[PDB]
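Peer 1: These protein sequence lines are chains U, V, R, K, F and O, in that order.
Just so you know, we're using the deposited numbering here: the first sequence kicks off at 28 and counts up by one.
Just so you know, we're using the deposited numbering here: the second sequence kicks off at 18 and counts up by one.
Just so you know, we're using the deposited numbering here: the third sequence kicks off at 20 and counts up by one.
Just so you know, we're using the deposited numbering here: the fourth sequence kicks off at 13 and counts up by one.
Just so you know, we're using the deposited numbering here: the fifth sequence kicks off at 1 and counts up by one.
Just so you know, we're using the deposited numbering here: the sixth sequence kicks off at 2 and counts up by one.
Even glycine gets a Cβ: it sits at the ideal position worked out from N, Cα and C.
Let me begin by handing over the structure; questions about it come next.
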Amino acid sequence: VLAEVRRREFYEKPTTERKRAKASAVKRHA
Amino acid sequence: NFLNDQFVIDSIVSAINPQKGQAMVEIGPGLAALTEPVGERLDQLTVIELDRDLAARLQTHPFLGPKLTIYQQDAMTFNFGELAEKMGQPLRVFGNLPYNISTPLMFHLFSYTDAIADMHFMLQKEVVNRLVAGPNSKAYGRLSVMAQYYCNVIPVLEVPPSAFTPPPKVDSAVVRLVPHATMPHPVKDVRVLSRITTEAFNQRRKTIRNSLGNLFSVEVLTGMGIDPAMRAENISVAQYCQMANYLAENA
Amino acid sequence: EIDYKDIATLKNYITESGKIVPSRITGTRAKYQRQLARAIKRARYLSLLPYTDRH
Amino acid sequence: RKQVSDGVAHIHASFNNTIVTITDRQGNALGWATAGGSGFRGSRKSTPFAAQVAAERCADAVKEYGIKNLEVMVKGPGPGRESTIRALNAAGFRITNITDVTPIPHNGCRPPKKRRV
Amino acid sequence: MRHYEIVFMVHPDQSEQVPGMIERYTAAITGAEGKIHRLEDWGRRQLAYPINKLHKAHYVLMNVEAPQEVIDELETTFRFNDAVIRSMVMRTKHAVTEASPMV
Amino acid sequence: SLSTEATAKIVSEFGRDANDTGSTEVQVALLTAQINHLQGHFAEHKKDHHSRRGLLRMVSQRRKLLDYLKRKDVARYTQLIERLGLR
RNA sequence: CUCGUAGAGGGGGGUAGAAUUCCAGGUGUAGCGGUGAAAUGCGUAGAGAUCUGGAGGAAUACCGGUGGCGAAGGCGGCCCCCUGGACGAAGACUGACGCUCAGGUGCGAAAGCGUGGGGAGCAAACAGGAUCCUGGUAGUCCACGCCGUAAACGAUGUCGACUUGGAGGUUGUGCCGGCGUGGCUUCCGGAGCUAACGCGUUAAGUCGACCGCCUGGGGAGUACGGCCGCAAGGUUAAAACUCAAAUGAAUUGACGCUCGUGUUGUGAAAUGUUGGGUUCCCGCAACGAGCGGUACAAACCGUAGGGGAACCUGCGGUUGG
Ligand SMILES: [Mg+2]
Ligand SMILES: [Mg+2]
Ligand SMILES: [Mg+2]
Ligand SMILES: [Mg+2]
Ligand SMILES: [Mg+2]
Ligand SMILES: [Mg+2]
Ligand SMILES: [Mg+2]
Ligand SMILES: [Mg+2]
Ligand SMILES: [Mg+2]
Ligand SMILES: [Mg+2]
Ligand SMILES: [Mg+2]
Ligand SMILES: [Mg+2]
Ligand SMILES: [Mg+2]
Ligand SMILES: [Mg+2]
Ligand SMILES: [Mg+2]
Ligand SMILES: [Mg+2]
Ligand SMILES: [Mg+2]
Ligand SMILES: [Mg+2]
Ligand SMILES: [Mg+2]
Ligand SMILES: [Mg+2]
Ligand SMILES: [Mg+2]
Ligand SMILES: [Mg+2]
Ligand SMILES: [Mg+2]
Ligand SMILES: [Mg+2]
Ligand SMILES: [Mg+2]
Ligand SMILES: [Mg+2]
Ligand SMILES: [Mg+2]
Ligand SMILES: [Mg+2]
Ligand SMILES: [Mg+2]
Ligand SMILES: [Mg+2]
Ligand SMILES: [Mg+2]
Ligand SMILES: [Mg+2]
Ligand SMILES: [Mg+2]
Ligand SMILES: [Mg+2]
Ligand SMILES: [Mg+2]
Ligand SMILES: [Mg+2]
Ligand SMILES: [Mg+2]
Ligand SMILES: [Mg+2]
Ligand SMILES: [Mg+2]
Ligand SMILES: [Mg+2]
Ligand SMILES: [Mg+2]
Ligand SMILES: [Mg+2]
Ligand SMILES: [Mg+2]
Ligand SMILES: [Mg+2]
Ligand SMILES: [Mg+2]
Ligand SMILES: [Mg+2]
Ligand SMILES: [Mg+2]
Ligand SMILES: [Mg+2]
Ligand SMILES: [Mg+2]
């Protein structure tokens, strides 16, 4: 539950999280 | 951040055009890159600084030694009205202060009731343009209204960033402010005028019937010949003074 | 095909806290994962299953 | 004063302070203590050691009740979550169960913008 | 005229009049040329989370094939009835007559 | 959309026989029936711009068929618009 | 046209749960808050903390996925009403009814405006405390109207046909998990193409139809005029003058050492001398020989605001980080 408070403590711009999700998706390809 | 270009400094001093017999005071000489070219044309030159080592260096300067009068105290809390009567003449100021604290100091000088002959300062191009620009334009703002009510603003020269060291990412401009001998539109209280300007320009895209709704009604605005369907940026300085006088009278 | 009224089947796809287990863990197909999730949501509304364990 | 001998311990472990409150089953407070009230300030207040002595102060405050068993419920993500639990266990109070009560929104309210440092 | 699955729970203290409620709701079904396919009264159950300081509710499962207007009348009186504290009307693709997993 | 019974009724009337469903008159009549029905829907819902896109497609398609029918045989074209109360 | 399938497709009305804030009461009594450290602020009129009750607005954790849907912008709790599109199976039916479109019309993130409500959180501006923090107005929300702009991007117009192949997701369906047959979608890659990068059956391959648009950089998408708008501005759109470059992609360097030949690349160049282990060994497009973020040579886009402006902040978007 500590991993979600780190995400919900401060607001993140929706375009910011979208790019990180794309970066994570291309990172798992190896 | 300092200034290194010589011809820019030469243009500034020529633009100021100092003479003898009248009092001039420089705020924050620092390294005195600008105090040197002006210390030769004045018999008694006053400076206000907050550094001890730099003041000692200026006191021992061969050319700037006898011509200098150092004040080691804060300029914002400084009382500029005493020096005007001390020299029996309106003061002339050429600050070239950092842009962070230059704006509050200019309003501090405006509060001594035209005791200063002239005020030369270095500011950003955007800040300078706001002071000069008239209504019905983006540059026009509440800074403009409080600026041209006291003094007259005249741009002198735009300073490219390359002149300063290190060169910043924004332009610069030197401007001279001439306080009005007689107020073209005198007001009874500038606190009321400041309250109106900060009220209208807080919402400067809405019609003034909405931005000034808590202070003025539709009939009151029409009673002063002001169209309530105009934006805040469309209201001249005279009308702002007119509203400020009306509000003080009626409240 | 899945039924929101089958509490026994639904609890296999929820955690102790009540969160829905992802399809990648159970390996269920995409179509049934949507059906399971929607069925659990209906079950939560009818107070058959809790939203969380902190009620 | 009154004898209860059984209560539940609430810990609020933020990133700046840790608060330990002893309450009964009904939820009525019996005695509280904070890390900041023990002379710890600034960085020291945000240390796990500050919460460690804060729990001992709370145990001293509630020693009149003679409580044996208590329940620890962790609220807040800041450090000092474990330190208070150890102090309560080391103070003689019997540990019954440990649960997490951190409020998690279901995409309810917009959070404050992250500070840029 | 479509098939609708309707679930609603009754206040536990009013469970004695649940059969009376069933008939009136069914009467509007038969009166509107609707066929009630299956009904399963679950009685009292245990609620996952308390609602209005209640830990048990009288669940009633009713499967109805009826037009929209009678259903709208049925759902409106559910909101205006204090006996029921929770309701759910769900449109189904096909009529089903089978024992529920709850029974 | 349109009901199967309603579609079957229109096919029987305008079409020569039940199997005939692609005839120009049948398609225009089916399009006109759906267009007129949606008029009450869109009068209530002015914010449904996504469904209005589908409605415009029916109107545009109906115009093309009427132009094609008129270009081919004017007699059945006039006999149809008068029957359908169009133009 | 019939049957069926999946879907945050659209509009309208309900309802649920968590969380935030505030209010009332009880327990409880000195801090809370915040920062690198502080202070303003909040607090003996009783905070923070805890339990219960109520009010209010906004948003829907998990599921959730290089998943799905939509023409695009966009679209995530559950339920009902209305409604659009797509796809599959097997037929029936019409018989070119088609494709593309200047003007035109509608749609169109965020911001902004008009009228009237709403306002929890967040928060331009503003006010105060510091060398970011506290407080907080517009705004974000709703009804209706306007604005018509984005790095509105796949920086790839729409429609059709043809052309080697692999792996995966997602929805159909046929036959006996296998076996084919569809639609959309992701990655890799051949020929081919391209300045290179790279694209590569979803083309940037091979052709056809039509529309839009460009021909140096700056001045400038600026001035004037028209049109539109309440305004902000939008759209259409120059010239004088100035510079001889501006720009794209890739390469070599910065922030033990070379040659010969061969090989890769249009090329600059690389390979050798890129790796593993220990000068040496082995692998190896090399084989042998002679020797000892840069704008250099976070950024940006649209919009709005600034009185502690050497630039900064709010909202949404882009990777050209
Ligand atoms: Mg601007
Ligand atoms: Mg919330
Ligand atoms: Mg179905
Ligand atoms: Mg939907
Ligand atoms: Mg609505
Ligand atoms: Mg103070
Ligand atoms: Mg105070
Ligand atoms: Mg309320
Ligand atoms: Mg996720
Ligand atoms: Mg998500
Ligand atoms: Mg699609
Ligand atoms: Mg549908
Ligand atoms: Mg449909
Ligand atoms: Mg025929
Ligand atoms: Mg024939
Ligand atoms: Mg056009
Ligand atoms: Mg719209
Ligand atoms: Mg519109
Ligand atoms: Mg808006
Ligand atoms: Mg508005
Ligand atoms: Mg308003
Ligand atoms: Mg507000
Ligand atoms: Mg103060
Ligand atoms: Mg702030
Ligand atoms: Mg407020
Ligand atoms: Mg705030
Ligand atoms: Mg304010
Ligand atoms: Mg308002
Ligand atoms: Mg328009
Ligand atoms: Mg554009
Ligand atoms: Mg994109
Ligand atoms: Mg473009
Ligand atoms: Mg093609
Ligand atoms: Mg490829
Ligand atoms: Mg090309
Ligand atoms: Mg040119
Ligand atoms: Mg223009
Ligand atoms: Mg006009
Ligand atoms: Mg006009
Ligand atoms: Mg114009
Ligand atoms: Mg124009
Ligand atoms: Mg190459
Ligand atoms: Mg070659
Ligand atoms: Mg090539
Ligand atoms: Mg870079
Ligand atoms: Mg900008
Ligand atoms: Mg941004
Ligand atoms: Mg986009
Ligand atoms: Mg470019």
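Please check if any C-beta of chain R sits within less than 9 Å of the C-beta of K/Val113.
Peer 2: Cβ-Cβ to chain R under 9 Å: yes for K/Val113.
Peer 1: Using DSSP bridges, identify the partner residues of K/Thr46.
Peer 2: Answer is K/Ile31.
Peer 1: Helix, strand or coil for K/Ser26 per DSSP?
Peer 2: Coil.
Peer 1: Could you please give the first and the last residue of the uninterrupted beta strand (DSSP E) stretch that includes R/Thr34?
Peer 2: Element bounds for R/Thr34: n/a, residue is neither H nor E.
Peer 1: Return yes when the Cβ of V/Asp91 is within less than 9 Å of the Cβ of V/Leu71, no when it is not.
Peer 2: Their beta carbons are not under 9 Å apart, which means V/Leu71 does not touch V/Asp91 by this criterion.
Peer 1: In its own chain, which residues sit with a C-beta less than 6 Å from the C-beta of V/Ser154, not counting the 5 before and 5 after it?
Peer 2: Cβ within range, chain order: n/a, list empty.
Peer 1: Assuming K/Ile23 contacts K/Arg128 (C-beta within less than 8 Å), just tell me the rounded distance between them.
Peer 2: Not really, about 31 Å apart at Cβ, beyond 8 Å.
Peer 1: Quick one: give me the first and last residue of the alpha helix (DSSP H) that K/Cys70 is part of.
Peer 2: K/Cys70 -> alpha helix (DSSP H) spans 60-73.
Peer 1: Would you say R/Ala58 faces chain F, with C-beta separation under 9 Å as the test?
Peer 2: No, no contact with chain F.
Peer 1: Leaving out five residues on either side along the sequence, give the residues of the same chain with a beta carbon under 8 Å from the beta carbon of K/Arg106.
Peer 2: Contacts found: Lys80, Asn81, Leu82.
Peer 1: Whose C-alpha, out of V/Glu43, V/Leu238, V/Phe19, V/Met163, is nearest the C-alpha of V/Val110?
Peer 2: Answer by Cα proximity: V/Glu43.
Peer 1: Could you tell me which chain F residues have their CB closer than 7 Å to the CB of R/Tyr51, listed as they occur along the chain?
Peer 2: Under the 7 Å cutoff, chain F gives no residues; its nearest Cβ is about 17 Å from R/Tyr51.
Peer 1: Indicate whether at least one CB of chain F lies closer than 9 Å to the CB of R/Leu65.
Peer 2: By this cut-off, R/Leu65 is an interface position.
Peer 1: Could you tell me whether the Cβ of R/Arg48 comes closer than 9 Å to any Cβ of chain K?
Peer 2: Judged by the 9 Å Cβ criterion, R/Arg48 is not in contact with chain K.
Peer 1: Flag this pair as yes or no: are the beta carbons of V/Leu114 and V/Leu122 separated by less than 9 Å?
Peer 2: Going by C-beta atoms, V/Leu114 is nearer than 9 Å to V/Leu122.
Peer 1: Under a three-way DSSP split, which group does K/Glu94 fall into?
Peer 2: It is helical.
Peer 1: Can you confirm whether U/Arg33, when its beta carbon is compared against all beta carbons of chain K, has any partner nearer than 9 Å?
Peer 2: Closer than 9 Å to some Cβ of chain K, the Cβ of U/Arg33 qualifies, so yes.
Peer 1: Whole angstroms is fine: what's the gap from O/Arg63's alpha carbon to O/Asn20's?
Peer 2: Cα to Cα, the separation comes out at about 22 Å.
Peer 1: Would you mind giving the Cβ-Cβ distance between F/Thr97 and F/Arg38, rounded to the nearest angstrom? I have them listed as a contact below 8 Å.
Peer 2: F/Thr97 to F/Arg38, Cβ: 5 Å. Contact.
Peer 1: Alpha carbon to alpha carbon, what distance is there between V/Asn267 and V/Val55?
Peer 2: If I take the Cα positions, the gap works out to 50 Å.
Peer 1: What does F/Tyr49 reach in chain R if we use C-beta pairs closer than 8 Å?
Peer 2: Residues of chain R passing the Cβ test: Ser66, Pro69, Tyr70, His74.
Peer 1: From this set, F/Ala99, F/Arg2, F/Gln14, F/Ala28, which residue's C-alpha is nearest F/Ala83's C-alpha?
Peer 2: Nearest option by C-alpha distance: F/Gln14.
Peer 1: Say whether chain U places a C-beta atom closer than 9 Å to the C-beta of K/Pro60.
Peer 2: False, the Cβ-Cβ gap to chain U never drops below 9 Å.
Peer 1: From which residue to which residue does the alpha helix (DSSP H) around V/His125 run?
Peer 2: Here the alpha helix (DSSP H) through V/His125 covers 116-127.
Peer 1: On the criterion of 16 or more Cβ atoms from any shown chain inside 10 Å, does V/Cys168 qualify as buried, or is it exposed?
Peer 2: By the 10 Å Cβ count, V/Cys168 comes out buried.
Peer 1: By DSSP's criteria, V/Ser189 is part of a beta bridge. Which residues make up the other side?
Peer 2: For V/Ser189, which the question treats as bridged, DSSP gives the partners V/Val176.
Peer 1: Say yes only if the C-beta of V/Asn227 is nearer than 8 Å to one or more non-hydrogen atoms of ligand 27, and no if none qualify.
Peer 2: V/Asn227 Cβ: outside cutoff for every heavy atom of ligand 27.
Peer 1: Which word fits V/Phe138, buried or exposed, when buried means at least 16 other C-beta atoms lie within 10 angstroms of its C-beta?
Peer 2: So V/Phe138 counts as buried.
Peer 1: Which chain R residues are close to F/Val7, counting only those with a beta carbon under 7 Å from its beta carbon?
Peer 2: Near F/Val7 (Cβ distances below 7 Å), the residues of chain R are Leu65.
Peer 1: Under DSSP, the beta strand (DSSP E) around V/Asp135 begins and ends at which residues?
Peer 2: From DSSP, the beta strand (DSSP E) with V/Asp135 extends over 133-140.
Peer 1: What are the boundary residues of the alpha helix (DSSP H) that includes F/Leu74?
Peer 2: Taken as a continuous stretch (DSSP letters only), the alpha helix (DSSP H) holding F/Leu74 covers 68-79.
Peer 1: Residues of chain F with CB closer than 7 Å to the CB of R/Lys24, please, in chain order.
Peer 2: The contacting residues are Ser100, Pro101, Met102.
Peer 1: Please list, in chain order, all residues of the same chain as K/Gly90 whose beta carbon is under 6 Å from its beta carbon, the five residues on each side excluded.
Peer 2: Excluding positions up to five away in sequence, the list reads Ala25, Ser26, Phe27.
Peer 1: Could you check whether the region 174-192 of chain V touches the region 237-256 of chain V, counting it as contact only if at least three pairs of C-beta atoms, one from each stretch, sit closer than 8 Å?
Peer 2: In short, these stretches do not touch, since the Cβ pair count stays below three.
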